[PDB]
Structure formats: structure tokens, C-alpha cells
Amino acid sequence: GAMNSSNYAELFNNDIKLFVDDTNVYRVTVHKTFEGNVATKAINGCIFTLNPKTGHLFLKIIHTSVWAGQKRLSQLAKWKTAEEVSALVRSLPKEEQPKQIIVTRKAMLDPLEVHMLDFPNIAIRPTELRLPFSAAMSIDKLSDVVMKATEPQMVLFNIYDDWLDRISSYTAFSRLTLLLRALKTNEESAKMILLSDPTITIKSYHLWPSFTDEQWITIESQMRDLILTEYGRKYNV
Amino acid sequence: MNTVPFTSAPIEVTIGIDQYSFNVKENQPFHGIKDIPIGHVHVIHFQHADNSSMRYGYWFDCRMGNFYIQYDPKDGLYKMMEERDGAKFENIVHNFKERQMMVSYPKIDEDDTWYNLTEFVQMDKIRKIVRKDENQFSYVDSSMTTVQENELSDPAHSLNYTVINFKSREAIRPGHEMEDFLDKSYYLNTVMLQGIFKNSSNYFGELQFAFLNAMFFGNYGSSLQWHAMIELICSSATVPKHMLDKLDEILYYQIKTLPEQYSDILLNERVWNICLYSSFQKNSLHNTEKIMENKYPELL
Ligand SMILES: N#CC[C@@H](N)c1ccccc1
């Protein structure tokens, strides 16, 4: 069924599973027209499909042309997501296909179930966790590839960089969700923390800086301070 | 006018005949029901006074044979049986008519209720849902499960309703996933109507039969089937105009007949609100929407 705090270690067992987040599929700017009405302009989007055990991220870039001439775009976006996830699964060898797909928003359940009718043994599940995957577009290199795309495109990343060489999946996921929660709560401050020290760089083939174990502990503490700080600024505490 | 004679009434029982019902006391001198209209299917049903558990009964058509009820003290129920000896049955039915030991089917002359509930119901289709080929009549009870219910246990005692499943490959064309899930017209018109039922009359017949088994026996899987068949039409953007008009009439008389006190268990809030207020056909069921709003405004 649904995924929550009681069955959290399931994410790091040896059953292949993917998180799917559709928040950033249909993205718009709202603006005034010359007549003083309001209109939207779509911008490029992405599906965030993540294996939490391996860090493998399948980033399907959603180019604005896919919305041309379409109606009810927020509803279409869920079905377009489901179509693209189904196409990804079919593209994978059988032994790489997930046994479960966890959607971050319950409105993806029916679209994905319908698109996956050919895969009755793949479990489609919601989650009670409030995961911060909408902040994926605050990772500069992911935002860059999405905005530069002139056509539909799939790009593959490891969102853990090389962390699994030193830490377990569970810890790597906890670090990722802390970073993304911070970027979501106060992006400027979070990026400042991540880049304040120019001696620590981001490798060309990585998304995050090359922190030592000690530096990651310091980074992680600063991110919790930021999150607590914002929580205080927000609620006056 | 036809007659269903009874050997006797050895146990106290509430007897239903179509939408009517009457009480018979233990060993009361009762020999059956006369003046049953020819031309319609009928259902004769039972609830024992000592164990209201298990309503059960028999669908039958008097044009297909001479049927009688005989209590079986071993199996503990009133059984329908066919008498092949025509002479003897007519003689038996005449003797009881003479001694006035039969209740009369109490049809008011103005009243078209039963016709309106069974317009499309045909004994030959009933016998395909209720498989027991050695008898011309069909037994149903409260507890019988449907083929679809068993899929999700004894197959000989099942209700073989047509399986409807909105999230199934039958309902969804490859590459039309969103289209077919949000507008079910291809499933209604091509898969079910052209493909399986062949015409809307057979579709409505099964719909009406499912409602009647829900109402008279509290049969839960029948209630599920009735709502599923309503929902498939309401959720289709393209329905023949004559089917929508007839559906409105069908549902009107079903809602009119339902006991006020059974609405909580026989009516699915989600389906009805969808059908009357959200669906493609929200403006096409005027009679049904009017009776629902005046009779069950709580449900909505
Ligand atoms: N006819 C006939 C058959 C016989 N079993 C019977 C006797 C009394 C009442 C109904 C039926």
C-alpha cells in the first residue's frame, strides 16, 4: 500500500524500486497580457524518476512543445508522466525493471496504474512521506539541462555522486533529502552554504561538491540550522 | 393469469412476489399465489421468520412451465419445482381456487411498476447469469457471490454477471489510456454494447436484474454490478440518445421503488454524485435527478 515511516528501510532493500515525482513536469510563468488579462507561458519541465538504492536518476526533460494545442494541461501532465514512466520501464531489460513504483503525489496513482496495465506484477504505491523532490530544479546542473533542451530528451544522472563509495544508501538518501529540503525552504541560503568555500569544487561529472566526510557533517549541520532557522522565521519561534 | 401453488406452509415465513409481500404463519392453510400476470418475468422470494438470515427466491416465467413450491424439511427451504403433468396441476390449482386458499397477485390497474422494473429482463438471459440448466427457473439468495467477486468461491453457485473493470486491458486501448479512462465511450459502445451484449436491451436487462437482486435479496455483488453498469454509461461522453432517455426512466422507477430505509446500504454515494453532478451525463437524467434530490437529498 502506502509508504511511510514504519516501512522506511524497504527503500534500501534489494527489490528494484523507483520514486516518481511529477511536480516539475508542467511549469509556467503567469503574466499580464496587453489587454490586462492574465496568461501563462509554459517553460521546460522534467519528470524526476529516482532509484533510492543506487542513486540512478532518470531525468526525462519535458519540452514545452508537448503542450502545444492541448487542453487541461495540469491533468494532461499526470498522464504524460505516466506515459513516459511506462515507456522507461518497457525500455529497460526485464531484470532492471522495478518491482514497485512509488509516486510522490496520489493523483499519479490512476494515470500510472492505467499505463502500467501490461505490468500487473509492478506495484504502484503512494507515500505518506512529504519528500522534497520538487526542489530538484534547484540543483544547478539539472536546471541547466532542462532549460537548455530544444527537444524531448532523457538524461541520466547519479544524484548521490560517488557517496555510496563511503556511505550506505540509507545515509545517502537522508543526505539527499536534507539537502533538497533546505533548497526548498531557502534556496539562496542553501546554495550559499554549499558553495561558500571555493576550495571545495563540484567535479565535472558530479552534482554536488567534493566534501570530505568531516565537511559533510558540517554541511549537514548547517542545513539543519537553516531549516530550523526558516521554521522559526516562518512561525516566529 | 397464472398460478404458483404450494404443497403447504410448514414454517412461518414472509413471502414476496415481485414487489409485494405477505406473512404466512407456521402451518397456516396456505396453498399459493394466483392471478399472476402473464407476460413478465416474476420472482417469488422468502424470508423465514426464525432466521432472517438468507433471503432467497426463484426467478421464473409462467409461459415456460407449471411451477409449484414444496417445503423441504431436510434442506430447510421452500423449493420451486416443475410439474410436467399438466392435467393434474390444473386440477390441483382449480381445487385450491375453489377452496379460496390462495392469495391474489395484488396488481392495481393503473400501476406499471413491475413492467417498468423488468422491461428488458428476459428469463433466457437470467438463466445465463444463474447457471443451473436442469431447471427452467433460477434460484438466487443473499449470499451468492459474482464471478468478479470470486476473482478478487464455488463456481456453480455464482452470479455470472458481465465483468466490468475500468482499470483493465479490456477497458483501455493501448495508446488511448487517458482518453479511454476519462471518457469510457469505447468500452461502453464497442466493447460492451457491440461486442458482448449485442444491443442496449440486453445491457439494460442485466442492469435491471442486478438491481432487483440487490433490492430483494440484499445481494451485495448485484449492487456492485448495478452501480458499475450505471457508472459506465454516465462516464461515457458518447451515448445514443435513446439509451440515455431509457436509462433515466429505468433509474427513476428503481429509485422510486427502493425502500426509503435501505438507501444507506443499496446506494453508492460516489457513483450517484458522479453520475448526477460531475459526469458527462450530469444533465441527461432529469427524472432520476429530480426523484433522487427529493427523496434522498442526504446521500447528495
Ligand atoms: N401440481 C402439482 C404437484 C404436487 N406436488 C402439488 C400438490 C399440492 C400443491 C402443489 C403441488
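Chain letters run A, B, ... following the sequence lines, proteins first, then strands; residues in each count from 1.
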Chemist: Is it the case that more than 12 heavy atoms not belonging to B:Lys295 sit under 6.0 Å from its NZ atom?
Modeler: yes
Chemist: With a 4.5 angstrom heavy-atom cut-off, which part of A:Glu83 approaches chain B: side chain, backbone, both or neither?
Modeler: neither
Chemist: In this structure, are over 12 heavy atoms from other groups packed under 6.0 Å from B:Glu298 atom CD?
Modeler: yes
Chemist: Counting only heavy atoms not in B:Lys290, do more than 12 sit closer than 6.0 Å to its NZ atom?
Modeler: no
Chemist: Within the structure provided, determine whether A:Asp118 and B:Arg169 are in side-chain contact (heavy-atom separation under 4.5 Å).
Modeler: yes
Chemist: Answer yes or no: does atom OH of B:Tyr220 have more than 12 heavy-atom neighbours from other residues, nucleotides or ligands under 6.0 Å?
Modeler: no
Chemist: Is the number of heavy atoms from other residues, nucleotides or ligands under 6.0 Å of A:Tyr8 OH greater than 12?
Modeler: yes
Chemist: Applying a criterion of heavy atom separation less than 4.5 Å, what residues of residues 248-278 of chain B form contacts with chain A?
Modeler: none
Chemist: Sort by residue number and list every residue of residues 178-187 of chain B having at least one heavy atom under 4.5 Å from chain A.
Modeler: B:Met178, B:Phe181, B:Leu182
Chemist: Working to the nearest 0.5 angstrom, can you tell me the gap between A:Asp110 CG and B:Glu177 CD?
Modeler: 13.5 Å
